[PDB]
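Have a look below at one chain only, the form deposited in one PDB entry, in structure tokens format.
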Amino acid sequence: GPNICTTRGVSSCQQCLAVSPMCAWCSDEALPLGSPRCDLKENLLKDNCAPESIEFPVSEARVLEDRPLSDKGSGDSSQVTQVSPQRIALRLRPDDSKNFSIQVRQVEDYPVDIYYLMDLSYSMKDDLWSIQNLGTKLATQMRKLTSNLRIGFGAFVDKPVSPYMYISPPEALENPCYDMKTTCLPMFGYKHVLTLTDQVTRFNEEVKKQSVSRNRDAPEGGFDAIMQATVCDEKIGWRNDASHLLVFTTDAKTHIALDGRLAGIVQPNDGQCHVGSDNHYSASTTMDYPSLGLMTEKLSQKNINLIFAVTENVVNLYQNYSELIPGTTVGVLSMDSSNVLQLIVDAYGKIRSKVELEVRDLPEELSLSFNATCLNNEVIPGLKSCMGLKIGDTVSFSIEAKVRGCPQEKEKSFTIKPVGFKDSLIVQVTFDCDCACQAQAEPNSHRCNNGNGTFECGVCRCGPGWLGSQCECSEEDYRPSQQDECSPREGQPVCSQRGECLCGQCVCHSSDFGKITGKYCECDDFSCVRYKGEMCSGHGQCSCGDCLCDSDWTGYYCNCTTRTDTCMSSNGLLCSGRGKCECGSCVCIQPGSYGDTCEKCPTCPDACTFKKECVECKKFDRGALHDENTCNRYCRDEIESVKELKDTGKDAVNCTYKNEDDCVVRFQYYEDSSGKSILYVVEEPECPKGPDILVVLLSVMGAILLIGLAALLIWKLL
């Protein structure tokens, strides 16, 4: 059929192939009356013309280098290769999209280095006493997960500048805590003391030699310390072949950018390291606090995971900050900082139980769409990150790349990287929108009307208007006018009142506001929807008046979004399983639910209502709907057999499950604020002893039989 290659083309191989993703060109000479050289490959094959000269470029996704994913990382970590493939090359024809797949795995044991950054404000003094013997305990607890561990320490109070300091009296300069009769060190912004070393005893030795300072303003400038630790890789010694952890412990608010106006500092912050041989922040008094954007950028560049181990009084603020910075985890730190060890131990698993992907060096020319595959063959469309993973779990991500035209560079490259990992995929894209036959050139050929034109791939393009099939109609020539070759379905104005009927064809004109193309000058740009000063929503390019969407978008205006990252809840189900996600917004089908993810429902049935099936296998290894494999398919809660029955769980309440045995099974559901939902179930539930008639009736019939035997023996004697 005509399709779209036959129309809107037939001018040259370049445009002919640049119309639709599926068009073919017949360079070999053939009958020119069959409208050839722009049609589906099948039509050309039916018309022959395939002597190894058929031109039909197709997209390719050849893998250059690929290595198997390692099982365990213990030695020679330079080739762990936890992300495969490592580097692939893509060749895309104009306006065509191609898909590939990648796999991400955590390689069991992996070296870990942890840098401990602790505030040293007066209120933190007691906390410093509870860390004097943390290195050995941390090493012992972490030995079960990592066989190569390094630890470090840091400090920070605030900018040494008024009004943050006590400038007067002079004695306060060397002893701010002089009113309360105590000894304290002068204020400092950031004081690195211990570099990342494998010697555990060094961490203990360095601690208990430190002190605590004092300041006036309640907020503490910890972002400066975080940025200095992140950027100054050599000073503290981050290791490129290990997982990075940065524990940030604080008990007060944190300053942000533009807060230095009070102290007179106005210079914007820069990420260049400013830690000298004295191990202090030289530019603390002359550099402003860093903004969240720069902090996140420099934290992602260096692949540093952040743990906000903060007190309960400011936990909400750091939770709100956490959802902005990717790869960050929050935690509650006790007043005496005695929960730091377990907090970091569990936060390690929490952070390693999350896989995301980020794109770097992505040119604006092309766009990417993502599908994720969590554990099992289940696939969540429009998602680049999977939750609810564990150590050694393997996940898959399908990435589709779509381009617009062919940029005049022919060499582009970008990278897809999981957060907090050195290994990443390097994707090289080369655009091929030029036909091979064009290399023949033949700028002057006698077939182009005695060498006054150009010949290309079987067609003569000649002069500034010479467009006849034989390169003879010229521009001012062809004065006599023919018919049935300038308008379709005669009865309408020629060239749609836009163009001139010359050489037997409608030459479109008025190259203003864009370009006009088409066998009848009907398709054109600058005739599409305008959302906000941008055509076709500014995402995709519109062809022939249709707002052709680009990747990540689908709609008439191409404003609706396909990726569902924003509409994913924390339970691993889209929109909390109580609604759908459309254009990046959750619509809650279930009544009585509202919120960003349809999660804040106050009037829904309690959890235990749908938890009956989950607890069936744990306590019985049987039950209805066992074919679906409901034992562990949707409920991640852990069931424990404990008869304590006296737990003081604030966010917990007892409930009951009914069994076919007619015995009520009372169990507790605790929804911890950390997300570790746990069920406490009493084993062998006490079924009341009902049946007591069998013995009675057996005794009655035995007595009746005895009476009958007595009668029988009386008869025998008689």
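Each form is matched to the other, and the largest set of C-alpha atoms that superpose within 1.5 Å is called the rigid core. All residue numbers refer to positions in the sequence shown, first residue = 1.
The protein also exists as the form deposited in another entry; that form is not presented, and the subsequent description refers to it.
With the two forms fitted on their core, the C-alpha shifts between the shown form and the other one stay under 2 Å for all of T136, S162, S338, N444 except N444.
Once both forms are fitted on their core, the CA shift for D393 between the shown form and the other one remains under 2 Å. Core-superposed comparison between the shown form and the other one: CA of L467 displaced by 2 Å or more. Superposition of the core reveals a Cα shift of 2 Å or more for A30 between the shown form and the other one.
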